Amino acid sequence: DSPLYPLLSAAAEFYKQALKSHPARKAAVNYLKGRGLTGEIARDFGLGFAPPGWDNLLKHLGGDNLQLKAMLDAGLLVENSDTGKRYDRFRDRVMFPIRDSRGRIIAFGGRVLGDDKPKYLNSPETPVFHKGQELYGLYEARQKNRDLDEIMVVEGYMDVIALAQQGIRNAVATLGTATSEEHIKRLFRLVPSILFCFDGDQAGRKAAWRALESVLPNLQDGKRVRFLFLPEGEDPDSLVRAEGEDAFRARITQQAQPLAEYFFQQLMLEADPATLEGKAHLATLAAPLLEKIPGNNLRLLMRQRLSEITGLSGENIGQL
């Protein structure tokens, strides 16, 4: 219970109250209406509106220099570290408040309603917001279902919101970060099954391997992890609005790839085990990764597949 929480909470109350009754609301409300995000979904995710300009939240919250430092530390202001000039971090944007386990607003995402870049702006790291520990939408998914079987991990705010609007309400998002081991530990405390969904771009494919590396040291027996790769140029946002819930669920069932198949596929592309050298190279890449799996059956199962492909024993694999 620190002083950043009330400021963040007041900021959120400001941003959604402007979404309702602010002069510039037209562009914002049209985005939400233009995506079916009105009413139900907007309330579930506390959507708001940051009006255009430099100091709307500043001139609305104010405070002495100690309050101002707390707004900066909460990520609500940007300060020029040379001149001290300060202004709202989030300007002319649709606002996505981020909540922790207890429902407390800890940070914000914002989508631009103009031409200024970046289209999506995250909060910086703050004492109440750590990007490697938090997942956007985790609070909202736990509210919708207390006994979740599976969590879907996606890359962006609108992926979570678009999916929720289509009836897929167990999606959470990393916040422009690689999935961390701490992310995996929190997900596995809630569900035995994680479905990763990656955009059709090179950053999506790189993020899948980093996600697999975060998963391995936390992969106990009886857990289930899969990777769904979307067609080039797509993300869950665009895709699910295009083809709808039923088709996206069919796509998952059809095309989600098991972790173990993704693991051996990618490594066999790096080290082709047709030859004696490729077999040794493949075992040299795989073994240190497999050694980290804590689940004893799964570690044995992956070692066994590696042995079948490479013809190398454990003594061979160890000595290599």
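All residue numbers refer to positions in the sequence shown, first residue = 1.
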item	value
Mean temperature factor over C-alpha atoms, higher-scoring stretch between 66-74 and 53-61	53-61
Of 169-177 and 141-149, the one with larger mean CA B-factor	141-149
Selection by C-alpha B-factor (highest) of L259, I252, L289, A42	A42
Candidate residues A274, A27, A280, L269, the one whose C-alpha B factor the record puts highest	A27
Entry-reported Cα temperature factor of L163, expressed as the chain third it lands in	middle
Where the record places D92 (Cα B-factor, split into thirds across the chain)	highest
Chain thirds of CA B-factor: placement of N297	lowest
Ranked against its chain, the third holding the CA B-factor of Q17	highest
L113 - Cα temperature factor, lowest/middle/highest third of chain	highest
